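The lines below spell out each chain.
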Amino acid sequence: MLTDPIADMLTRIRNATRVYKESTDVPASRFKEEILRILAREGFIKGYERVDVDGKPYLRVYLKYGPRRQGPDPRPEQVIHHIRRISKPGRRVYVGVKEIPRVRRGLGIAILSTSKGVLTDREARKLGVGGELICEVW
Amino acid sequence: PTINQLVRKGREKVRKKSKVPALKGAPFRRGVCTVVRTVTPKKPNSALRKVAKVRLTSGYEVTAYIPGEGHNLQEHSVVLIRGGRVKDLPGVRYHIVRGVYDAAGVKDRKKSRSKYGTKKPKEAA
RNA sequence: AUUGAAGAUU
RNA sequence: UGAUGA
RNA sequence: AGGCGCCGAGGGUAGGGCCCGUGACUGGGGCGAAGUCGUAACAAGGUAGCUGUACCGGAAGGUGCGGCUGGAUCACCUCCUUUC
RNA sequence: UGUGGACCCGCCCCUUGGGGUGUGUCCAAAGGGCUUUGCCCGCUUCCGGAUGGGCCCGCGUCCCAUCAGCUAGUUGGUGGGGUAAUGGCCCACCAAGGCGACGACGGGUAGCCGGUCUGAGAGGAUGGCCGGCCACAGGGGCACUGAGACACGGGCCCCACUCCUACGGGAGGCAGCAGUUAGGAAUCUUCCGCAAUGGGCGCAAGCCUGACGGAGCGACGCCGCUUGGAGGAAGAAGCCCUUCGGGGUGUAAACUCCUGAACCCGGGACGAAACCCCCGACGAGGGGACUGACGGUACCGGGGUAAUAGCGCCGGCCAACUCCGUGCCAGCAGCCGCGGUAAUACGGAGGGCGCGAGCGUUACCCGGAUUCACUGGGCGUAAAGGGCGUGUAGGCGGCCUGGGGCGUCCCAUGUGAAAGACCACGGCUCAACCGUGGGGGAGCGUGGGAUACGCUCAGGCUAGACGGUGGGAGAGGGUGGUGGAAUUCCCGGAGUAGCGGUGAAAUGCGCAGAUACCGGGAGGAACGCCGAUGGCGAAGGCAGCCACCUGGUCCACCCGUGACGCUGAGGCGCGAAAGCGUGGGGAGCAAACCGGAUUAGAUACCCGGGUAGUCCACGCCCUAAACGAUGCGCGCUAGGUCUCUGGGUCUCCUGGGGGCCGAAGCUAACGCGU
Ligand SMILES: NC[C@@H]1O[C@H](O[C@H]2[C@@H](O)[C@H](O[C@@H]3[C@@H](O)[C@H](N)C[C@H](N)[C@H]3O[C@H]3O[C@H](CO)[C@@H](O)[C@H](O)[C@H]3N)O[C@@H]2CO)[C@H](N)[C@@H](O)[C@@H]1O
Ligand SMILES: [Mg+2]
Ligand SMILES: [Mg+2]
Ligand SMILES: [Mg+2]
Ligand SMILES: [Mg+2]
């Protein structure tokens, strides 16, 4: 049935970038969108937009890389080095504000969902609230 | 295992076994001898190794090594036992403490004197 | 006696 | 079909 | 006061269940340089091996049935690779 | 006597038996001292406070499922009884219930915690001293008294022990301080004091206090200190090495000066100001006196002696090397391993490393061990995918909107005793030890708030799933029927001397005529070619042909339902071969077995026979190299080529199977790779 849609997205994304695709559809959900917004803003993706395919709502995700590279193996560095689900249907994961993780001494993000909406970790910390720890990303 | 699985069965504590029923934990036990046989080692080792059959305050009767140059033990000898396998002699897992009870210390012993149980000698000392 | 030394061999 | 211990 | 009664620690006889002991007789098992019989296995190990099962034999085993390749060598094959 | 309180009935407020009120009824007391008419210590009723407790409830609290069912006061009820008080706490009567895979019941083990040790942390381990709670006082019952006990030094009884006994009967209970004895590897003085603190009685003076404050024994632990300091040779002797030159112990000793642990003399504590008495007023406040176990100790001053070193280790891990001895011996040994005549590994010695009033050993706990993996592991060949399905509980659940706010998050607040821990500053000359102060803190309770995600309720969608219509391929299964080839036997023909079998043989069969050949018959079992690198099934597995009964599945159409999904502990079903039971069948094959060869032997390989069995029906068994040695579903991530089977606009395009090569990636490698 597809059991964790948000896992899915992270994975679709993880997969498309390692073969350096320009873009990936992922079937669209409001929540998925909210996570994408962060990705976009935090400068991990170029951007994203709604689209249809076979006339059902998707989300094209435009991915983003580094420059062509030095010697044998000219593959660009990845912008999204690591994108990992934390909370999962098997095991939900929640943090109080005092215990939100700091991803790769701040060079990374942790999307995290609160009752004040979906936020990066600094975002959440600032508005002094915690919630479901969605994924890390660096 | 899945996490549900760990919720269902959990992990299992690796709780493991003594090498030395000198029973009641006890760092030493008192026994009385029975045989003072000699034994051949195994492996690639050849020699005539000193051993006693010891009947213990544990209730237990077991074989123990008699370390050092030469002993003074026979049938009714009455001795303290300490644990320490021999390793060349499978089924020998306890040493006899030398210098306690009816086990003489090692006569003429200069170096690792504290094991072997031999008093500080007097020479130019 | 033989063997590096032994077991075995007279 | 066999070729003693280290 | 005294008496009788119920309850009641405990005890008895019958009946089961269960734990320790010791145990005549009895089954294998581990470990111990150079004892005995053969030679199953590892190379196609000299009958390819392993396997469940079933019978049989000092011993390893052997044989029956079915299965497996986790089998050597030679062929025909088609696949791949090779071009072109 | 009735301030009042108790109880019944009523009424009011309040809400489980909480307050209030009205009749009625019922219930108090003790005296003592005196600095004697006015005070002190007491007594009685009642309302409150304070402290201490009982009872109840949520959550948490070890091992075994090789313990799976348990339960008659059992579960509830109505009415009693009992208590300070709720309650099957107990009793009568009624009802038939309560509990359990979220682990009841049973077994094992165990006092629980504050803490402690360890760890980076999560965790593991633990509960000795100190503080808190519980339980017990030779073992087992039980009540009495009392505010309180069902009472360690109170009582009764039963039991086991010891003691006294005039044999009838009696006494007793160190898990209080010492101490004895036993067990054991092992654990202290039959000490000193009520001076302090605290406790009981007393108006007080006081008395009691093995609580306690000290001292004593034990390197058991922690901390502080000593066994000297500065000189002092190109460097004594001895000992050890030695290429015979020398090298080492070694500034180490000797020896010069200096200081002065111990020990001696002198002084000498704080800890103790209260109770009490006097003044005041028995108040506040002021004055006064008594009192030290530790102890002639600590500490201060004077004098003053060069005055203790041990244990472990030196193959690698692991810091530290040489000579003898020894010859797989004697021995070492945490693991790996040393020793067989040149041993840095044994024993000794010189020298060296390490620690030092200690050093080693053994036992035990955590560590390292991401080696039970939550943080943080794995299962193709290393240990590990269940033989396969079906689907029970359970776990998990697509897209949109709204309610609720259980999870989750936030603010406030209560709680989290002291000790300990951590930080500061203090007191013992330092430190150990101690004092004071500060700062953490999960968990839980209360109040308020948020609503993204999870949950739930209500609506909605069609991308998951299911269905409809139309088409397909298939050794998928079951039942009945039938076909030809071959083998065996039987009957007839013709026909003659061997056939068969092997490496070579022989056993065997043949003149009762076999082998080979032709014709007829019976029977059982298996299906050649097609046949594939092919297909079908969840697996096991499925192959002549025909009918019938029946399972799955693929494509197109985009028509219906509207998340109906995935997985699946247990259960149930299926499950090759061999084997079991009952009854059939029996051609060929063939364990066992009977022979022939072979061989050193041959309980085998080869050869001739042969029973079970192989076959059928029905019932069992439930195993396997039950294999892709690879659980099931879904999503995502280059391609090439071969192939089976659909559809299309038919070079090709597009589904669903089967293969190989191999992007990215993965893997210890081999490999794997829509
Ligand atoms: N170990 C389990 C089973 O034990 C058996 O092993 C036992 C005996 O069979 C085997 O015996 C061997 C013998 O096989 C070999 N052919 C001769 C040898 N002397 C024997 O040796 C044995 O016994 C001798 C006394 O003589 C002891 O010295 C020695 O420790 C032991 N290995 O030694 C084992 C006892 O030590 C199987 N042989 C063994 O392979 C199998 O695994
Ligand atoms: Mg050999
Ligand atoms: Mg040897
Ligand atoms: Mg592992
Ligand atoms: Mg394996």
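Residues numbered from 1 in each chain as written, not as in the entry; some residues may be left out. Chains lettered and ligands numbered in written order. Part of a larger assembly, values for the part shown. Heavy atoms only, no water.

What the deposited record gives as its method is X-ray crystallography, and the resolution it gives is 3.098 Å.

## Looking at the protein's contact with RNA strand E
Residues and elements named next belong to chain B. Surveying the vicinity of RNA strand E reveals the residues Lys42, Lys43, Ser46 and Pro90. Sugar and phosphate atoms represent 64% of those atoms of RNA strand E found within 4 Å of the protein. Here a phosphate oxygen of RNA strand E sits 2.9 Å away from a polar atom, N or O, in the main chain of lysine 43. In the model, a base nitrogen of RNA strand E is placed 2.8 Å from a nitrogen or oxygen of the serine 46 side chain. The class makeup of the residues in the surface near RNA strand E is one nonpolar, one polar and two charged. (Near = heavy atom within 4 Å. Polar contact = N/O pair within 3.5 Å; in protein donor to acceptor, adjacent residues only side chain to side chain. Nonpolar A, V, L, I, M, F, W, Y, C, P; charged D, E, K, R; others polar.)

## A few points about the nonpolar core
Residue and element names in this part refer to chain A. Counting 24 residues, the largest nonpolar core has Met9, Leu36, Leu39, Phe44, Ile45, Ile111 and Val137 as the members making the most contacts within it. At the level of secondary structure, the elements contributing two or more residues to this core comprise α1 (5-18), α2 (30-41), β3 (57-62) and β9 (135-137). Considering each element in turn, this core owes the most residues, five residues, to α1. Both domains that furnish three or more residues to this core are identified here as domain 1 (3-80) and domain 2 (81-138). Not counting residues within four places of it along the chain, the set of residues in contact with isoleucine 45 comprises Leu36, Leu39, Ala40, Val61, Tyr62, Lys64 and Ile80. (Core = buried A, V, L, I, M, F, W, Y, C linked by side-chain atoms within 4.5 Å. Buried < 20%, exposed > 50% of the residue type's maximum accessible area, 1.4 Å probe, protein only. Helix = DSSP H or I, 4+ residues; strand = E, 2+ residues; numbered from the N terminus. Domains from an automatic or database assignment. Contact = heavy atoms within 4.5 Å.)

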